[PDB]
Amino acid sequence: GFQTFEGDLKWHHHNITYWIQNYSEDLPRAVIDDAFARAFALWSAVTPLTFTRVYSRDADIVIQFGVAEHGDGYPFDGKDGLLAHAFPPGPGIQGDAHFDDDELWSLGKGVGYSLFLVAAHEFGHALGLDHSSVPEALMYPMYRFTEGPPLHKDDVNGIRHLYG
């Protein structure tokens, strides 16, 4: 089924704030903003956590686009392979989600990886959700373009376990 992190990592307050560090030129500013807002929105319904967009570094979740070597000492691999990573809830790097810009970012439709869709799985990690044995889950290691809506019992059971 589903998994959580050692020690059951979670945000210990209910207002979660995200600051978007930068953008890909792949998408217009507005599409990217929307794609992310939607990804929290899927998580918003099922959790006590609310997500407010902020314009400060002090934010709980910081989203950035990086190529190869970037901030956290974890390098991306270029085209394909790794597309994004995230860290379980906590201070600094924890709760933060990074997307590899070498990847083509789109709303999918066979043109690339859906920014919303990659974001949800990273956002799931950001809330403390680990990977799932269930092959239909959002937290599954395998990405496919939507047979969505994205959310699943396994993923939702996973989130209910941690927060509500």
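Numbers follow the displayed sequence, beginning with 1.
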Exercise. Using only the Cα atoms and their B-factors as the entry lists them, report which of 136-144 and 15-23 averages higher.
Key: 136-144
Quiz item: Quick one: higher average CA temperature factor, 44-52 or 108-116?
Solution: 108-116
Exercise. Identify, among 57, 38, 121, 98, the residue whose C-alpha carries the highest B-factor in the deposited PDB entry.
Key: 57
Quiz prompt | Residue with maximal Cα B-factor (values as given in the PDB entry) among 73, 89, 92, 81 | solution = 81
Quiz prompt | B-factor third for the C-alpha atom of residue 67 within its chain | solution = highest
